[PDB]
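Look below for two forms of one protein chain, each set out as structure tokens: first structure 1, then structure 2.
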Structure 1
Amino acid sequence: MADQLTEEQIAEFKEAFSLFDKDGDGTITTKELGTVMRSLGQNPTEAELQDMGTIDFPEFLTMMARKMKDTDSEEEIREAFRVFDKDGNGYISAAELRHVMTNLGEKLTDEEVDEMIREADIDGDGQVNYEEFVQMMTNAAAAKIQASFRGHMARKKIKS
């Protein structure tokens, strides 16, 4: 899993991490976690209360790598939503939303498009702020979107 990380990233993380190895050695306490990440360049907020009483170095390398992955695919889905934002005002009408989902990619079906709508912030004129939708879900493009929404729907119903 650290295999996903570059040798420079691994040194970067060794250093940062060891700087807060003010001992009990090989471990940092979870309180210093916020700080370590910032002494890099992350500014997390509560995605950081979710992140996991001390973290050892392999699991820090792990969280870090899992986070690169957590952000790349975030970008990938915002990318997809951009492809479909006619003018780029950061918005997509529910109608445009319904049209591409059902018409491109692994075509969803209208019953499974309605629930891709209810959850999202209210009908801002029929418009949809898709960023408040990427932050919720956490051609080929519709497929990246469609695949993710499914993953989001898998998560919600995994409760019951």
Structure 2
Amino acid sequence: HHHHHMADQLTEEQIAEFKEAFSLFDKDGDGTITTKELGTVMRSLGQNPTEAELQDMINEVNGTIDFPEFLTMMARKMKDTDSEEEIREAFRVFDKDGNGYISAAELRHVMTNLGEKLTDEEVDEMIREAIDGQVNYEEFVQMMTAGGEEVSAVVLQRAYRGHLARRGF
């Protein structure tokens, strides 16, 4: 019926690169790898899934992974890696002294005055989830992962609204 695939988001070079790496881990040449190789082939390709991510991927699966499933796994993890990096860069934009912290006051301010402005209810929940009144934003990012300032603001608001949606259920 349909032709769409996550691999549509991959370049031809990536497909070839992922194919070479995958096959490098296929021992008996049956076109599949075992679940215990998944983490290592992903790392060999520059992706570092956490133990939880790996467990989630494996649960989606005779204990083997076929190539199209692997391409899908790669494409989805690459998307998450890119988003996570973008969220970190967006926070870094608002870290004026670059020390890895943002004041609760400053975070609340940029979230409500720039971009797709957070409501008082959204932002107050944000501050609650984020304080020692300093926000270690690296920790906040890891927690969410389970002008220049304008674009950065929207990155954070969309990331946070995504987190809120998941939490509402």
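Here, residue number means position along structure 1's sequence, counting from 1. Note that the rigid core is defined as the largest set of C-alphas that superpose within 1.5 Å between two forms.
Rigid-core fit between structures 1 and 2: of 115, 131, 59, 70, the one residue whose Cα shifts 2 angstroms or more is 115. After superposing the rigid core, the C-alpha of residue 28 moves by less than 2 Å between structures 1 and 2. Residue 104 shows a C-alpha shift of 2 Å or greater between structures 1 and 2 [criterion: core-superposed Cα displacement of 2 Å]. Once the core is aligned between structures 1 and 2, the alpha carbon position of residue 44 differs by 3.7 Å; this is the C-alpha shift at that site. On a core-based overlay, residue 91 has a Cα shift of 0.4 Å between structures 1 and 2.
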